[PDB]
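In what follows, chains are A, B, ... by sequence order, proteins preceding strands, each numbered from 1. What's counted below: heavy atoms across the whole structure, side chains too, no hydrogens, waters or symmetry copies.
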Amino acid sequence: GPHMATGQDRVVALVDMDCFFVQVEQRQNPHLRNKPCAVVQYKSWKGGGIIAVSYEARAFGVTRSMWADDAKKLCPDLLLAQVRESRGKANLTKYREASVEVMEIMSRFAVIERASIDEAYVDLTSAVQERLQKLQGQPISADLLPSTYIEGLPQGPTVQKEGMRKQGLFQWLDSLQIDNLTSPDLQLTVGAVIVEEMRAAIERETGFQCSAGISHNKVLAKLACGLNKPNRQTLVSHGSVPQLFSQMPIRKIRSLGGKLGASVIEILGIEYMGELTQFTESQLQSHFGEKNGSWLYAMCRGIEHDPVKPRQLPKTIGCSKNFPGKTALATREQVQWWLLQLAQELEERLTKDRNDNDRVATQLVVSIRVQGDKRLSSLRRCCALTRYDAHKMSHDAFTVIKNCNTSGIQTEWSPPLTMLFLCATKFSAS
DNA sequence: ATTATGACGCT
DNA sequence: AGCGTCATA
Ligand SMILES: [Mn+2]
Ligand SMILES: [Mn+2]
C-alpha cells in the first residue's frame with residue numbers, strides 16, 4: 001500500500017448543461033422561462049418526438065423519447081419549442097452554436113474534451129497547482145463553494161436541502177489539511193473552487209445553467225455531476241467511493257449501461273459496482289477481455305486513467321435522416337432528391353467549419369438502412385471528399401450505394417430505404 | 001415511428 | 001475498411 005498507486009494524481013471535472021436545448025429555447029423566448037417545457041422535433045407524427053425536457057416538466061413525468069402527444073397527457077400545460085426544419089429535415093444549428101459559446105468559455109480555464117453537444121471534461125490538475133500557490137495555505141472558505149455538495153457528507157453524530165448541503169461542506173472543510181499542497185482532497189477542493197468560477201462565468205456570459213462533477217477521473221466526475229442536478233456541483237473524493245459504490249447499480253457507470261454491463265451482472269451474479277472488488281484482475285479479464293477486465297478491476301476501486309483529451313471540436317460532421325414506416329424511399333429520384341438535401345446541409349456546415357477552424361474533411365462516408373433490417377445501419381461505404389459542393393457529394397453518395405438496389409428496374413428502389421446518412425471525416429489542417 | 005447525431009472498439 | 005456498441009439532446 002506504500003506502492004499502491006492511489007489514482008489520485010489528477011483533478012478532473014465534468015460540466016454538463018442543464019436541460020440544454022430547453023435552456024437555449026428559453027433564453028430566446030422569455031415566455032418559456034420557469035415553465036414546464038420541452039423541445040420537440042417534427043410534429044405530424046404523434047405531436048413530435050421530445051428530445052429535451054425542463055425540470056418543471058420532469059416533475060410531471062415527461063421524459064426524453066416520449067411523443068409530445070403523450071407528454072401532454074401527463075402535463076397538459078406543457079409548452080413546446082420546435083427544432084428548426086431546413087431542406088426537409090431537422091436542423092440542429094442553433095444548439096451547435098450555443099454549444100460553441102459554452103465550450104469557448106470553458107477553454108479559458110483549461111484544456112477541455114468535448115464529450116457531447118452539451119458537456120465537456122476539464123483537466124484541472126495544473127490550474128489547481130497554480131491556485132494552491134496563489135493561496136498561501138489559507139483555509140478555503142465555504143463562501144468560495146456556494147453551490148458545492150460533498151458526496152457522503154454530512155455523516156455521523158435540520159431538514160432543509162440547502163441546510164444539509166452546508167452541513168456537509170462544513171464537515172469537509174473542517175477536516176481539510178490545507179497545510180499539504182499535495183493532499184488529493186485539498187486538490188479536489190481547489191478544483192471545485194475553480195469549477196464554481198467556471199460555472200459562474202458560463203451563466204454570466206450565456207445565461208445558461210449547468211451542473212458539474214469534480215473528482216480524480218472522468219468516470220467519477222461524470223457520475224458526480226449527476227448526483228445533484230440541476231444547477232449544482234458535486235465533489236466525489238477518493239474516500240467516498242466505497243460507500244458510493246456499495247449501492248450503485250453497475251449500469252449507472254459510463255460504458256456499462258449496455259450489453260457489457262448486463263453481462264457483468266449476469267455472469268458474476270452481482271448488482272452493485274462495489275461488489276466487483278471481490279474478483280481478481282485475472283478473473284475479470286477472463287470474462288470481459290484484457291482491456292475491460294483491467295478497467296473494471298481499477299474502476300470499482302475508484303481508479304481510472306483515461307485522459308481528458310485536448311479536443312474542443314467534433315472529429316466528424318454528419319447529416320442524417322430516417323424515413324420510417326410508409327415514408328421509406330422507393331424511388332430513384334426520391335433517393336437522389338434526399339441525398340441532395342443532406343449534401344446541401346453538409347456543404348453548409350463543412351464550409352462554416354473550414355472558415356472557423358482551419359481544416360478540411362477528406363473522406364465522405366455514406367450509410368443507409370433498408371426496410372425490415374437489422375440495426376441502425378445496414379451498410380456503410382466510404383469515398384473521397386475532394387470538394388465542398390453538394391451536387392458532387394450527393395452524386396458520389398449515389399454511386400457508392402446504387403448497387404444496393406435489388407430492384408429489377410432502376411426507377412424503383414427495393415428494398416425501400418429507411419435511412420440516409422452522409423458524414424464527413426478525416427480532417428486535415430488547411 | 002424517437003430522431004439526429006458523434007466517439008470509440010473490434011477484426 | 002466496415003461493423004458494432006454506447007452515449008447524448
Ligand atoms: Mn445536459
Ligand atoms: Mn450531457
Side-chain angles (χ1 to χ4, degrees), chain A residues 14 16-25 38-54 63-71 81-86 89-96 98-99 102 113-121 208 218-219 222 225-226 251-263 288-292 295 306 309 311 313-328 342 345-346 349 363 365-369 371 373-383 400 418-427:
Chain A
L14 182 274
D16 184 281
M17 308 309 290
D18 301 329
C19 59
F20 183 50
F21 288 15
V22 163
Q23 290 200 88
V24 171
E25 298 294 338
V39 172
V40 62
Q41 43 189 22
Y42 304 121
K43 252 269 174 205
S44 308
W45 186 267
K46 299 184 168 173
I50 295 186
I51 57 170
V53 186
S54 77
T63 68
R64 157 183 312 106
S65 111
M66 191 170 267
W67 296 113
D69 287 347
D70 295 340
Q82 213 148 203
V83 170
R84 178 177 184 226
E85 280 171 60
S86 303
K89 67 183 291 297
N91 188 294
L92 303 169
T93 292
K94 184 195 295 180
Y95 313 106
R96 290 191 185 102
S99 178
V102 173
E113 180 183 340
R114 187 202 197 260
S116 76
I117 195 159
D118 95 316
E119 77 207 79
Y121 293 92
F208 303 144
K218 290 166 76 177
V219 163
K222 176 56 168 178
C225 184
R251 73 183 169 275
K252 298 307 182 180
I253 282 46
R254 195 186 178 279
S255 89
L256 296 185
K259 298 184 176 184
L260 179 59
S263 72
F288 309 114
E290 185 181 330
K291 208 164 191 30
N292 287 337
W295 182 84
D306 185 33
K309 298 166 169 210
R311 181 185 66 250
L313 310 173
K315 301 188 179 204
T316 60
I317 295 187
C319 203
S320 72
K321 187 167 177 40
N322 286 347
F323 306 93
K326 259 216 183 215
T327 74
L342 288 187
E345 174 183 338
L346 189 52
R349 289 164 60 186
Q363 190 173 67
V365 174
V366 186
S367 177
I368 67 175
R369 191 186 178 184
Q371 183 179 300
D373 226 270
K374 168 111 70 141
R375 301 219 204 243
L376 262 80
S377 162
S378 297
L379 182 133
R380 181 180 180 275
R381 297 278 192 270
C382 72
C383 74
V400 313
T418 57
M419 184 270 295
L420 297 183
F421 188 13
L422 292 186
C423 187
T425 68
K426 291 175 167 11
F427 285 82

- Query: Within the structure shown, what part of the strands sits under 4.0 Å from A/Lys89 by heavy-atom distance: base, sugar-phosphate, or nothing?
  - Reply: sugar-phosphate
Of the two grooves, base atoms under 5.0 Å from the side chain of A/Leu376 occur in the major
Requested in this report: Under 4.0 Å between any heavy atoms, over every strand shown, what does A/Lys309 touch: base, sugar-phosphate, or nothing? Just pick one.
Outcome: sugar-phosphate
Whole-Å distance, A/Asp306 CG to C/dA7 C1', equals 14 Å
| message | Whether the A/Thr425 and A/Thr316 side chains hold a donor-acceptor pair (N or O, under 3.5 Å, no angle test) is what I'd like checked. | response | no
Checklist entry - Do A/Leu256 and A/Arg251 have side-chain heavy atoms sitting under 4.5 Å apart? => result no
Would you indicate what A/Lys426 reaches in the nucleic acid, counting non-hydrogen atoms under 4.0 angstrom: base, sugar-phosphate, or nothing?
nothing
| said: If the cut-off is 4.0 Å, is A/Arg380 near the phosphate of C/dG4, judged by side-chain N/O to OP1 or OP2? | reply: no
Checklist entry - Looking across every strand, which nucleic acid part, if any, lies under 4.0 Å from A/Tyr42 by heavy atom: base, sugar-phosphate, or nothing? => result sugar-phosphate
Whichever of A/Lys374 and A/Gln363 has the more 5' nearest nucleotide on DNA chain C, that residue is A/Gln363
A/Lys321 NZ to B/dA1 P, in whole Å, measures 13 Å
With a 4.0 Å cut-off, would you call A/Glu345 and A/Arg349 a salt bridge? yes
Exercise for review: Answer yes or no: does a side-chain N or O of A/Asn322 lie under 4.0 Å from OP1 or OP2 of B/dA1?
Suggested key: no
Assign each of A/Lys291 and A/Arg96 the nucleotide of DNA chain B bearing its closest heavy atom; nearer the 5' end lies the nucleotide of A/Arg96
Between A/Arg96 and A/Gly318, the two heavy atoms sitting closest are NH2-O, 4.5 Å
Give A/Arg311 one of three labels, base, sugar-phosphate or nothing, depending on what nucleic acid heavy atoms sit under 4.0 Å from its own. sugar-phosphate
Atom CG of A/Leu260 and atom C1' of B/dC8 are separated, to the nearest Å, by 14 Å
A/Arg84 CZ to B/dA4 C1', in whole Å, measures 16 Å
Q.
Taking only side-chain N and O atoms of A/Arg251, does any of them lie within less than 4.0 angstrom of OP1 or OP2 on C/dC6?
A. no
Closest to the side chain of A/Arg64, out of B/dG6, B/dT2, B/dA4, is B/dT2
| request: Return the stacking result for C/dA9 and A/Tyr95: yes when the ring centres lie under 5.5 Å apart and the planes under 30°, no otherwise. | output: no
Regarding A/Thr316, tell me which of base, sugar-phosphate or nothing describes its non-hydrogen contacts under 4.0 Å with the strands shown. sugar-phosphate
Q. Counting any heavy atom closer than 4.0 Å, what does A/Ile317 reach on the DNA or RNA strands: base, sugar-phosphate only, or nothing?
A. sugar-phosphate
>> Check the phosphate of C/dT5 against A/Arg375, side-chain N and O only, distance under 4.0 Å to OP1 or OP2. Yes or no?
In response: yes
Using a 4.0 Å heavy-atom cut-off, does A/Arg381 contact any base of the nucleic acid, only the sugar-phosphate backbone, or nothing at all? sugar-phosphate
**Prompt:** Does the side chain of A/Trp67 get closer than 4.0 angstrom to OP1 or OP2 of B/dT2 through an N or O atom?
**Reply:** yes
Assign each of A/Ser65 and A/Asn91 the nucleotide of DNA chain B bearing its closest heavy atom; nearer the 5' end lies the nucleotide of A/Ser65
Rounded to whole Å, CZ of A/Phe323 lies from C1' of B/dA1 at a distance of 14 Å
Review point. According to a strict under-4.0 Å criterion, is A/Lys315 in side-chain N/O contact with OP1 or OP2 of B/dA7?
Key: no
Judged by modelled atom types alone, do A/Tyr95 and A/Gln23 share a side-chain donor-acceptor pair under 3.5 Å?
no
- Does a side-chain N or O from A/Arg349 land closer than 4.0 Å to OP1 or OP2 of B/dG6, or not? yes
Rounded to whole Å, CD1 of A/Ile117 lies from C1' of B/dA7 at a distance of 14 Å
Of all heavy-atom pairs linking A/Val53 and A/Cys19, the shortest is O-CB, 3.3 Å
All heavy atoms of A/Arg369 vs all of A/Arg375, minimum pair found to be NE-O, 2.8 Å
When the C1' atoms of C/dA7 and B/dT2 are considered, how many whole Å apart are they?
15 Å
A/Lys94 atom NZ is separated from B/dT5 atom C1', nearest whole Å, by 18 Å
Between A/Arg114 and C/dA7, does any side-chain N or O lie under 4.0 Å from OP1 or OP2? no
(message) Under 4.0 Å, heavy atoms only, any strand: does A/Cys319 hit a base, just the sugar-phosphate, or nothing?
(response) sugar-phosphate
Rounded to whole Å, the CD-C1' distance (A/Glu113 to B/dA7) equals 9 Å
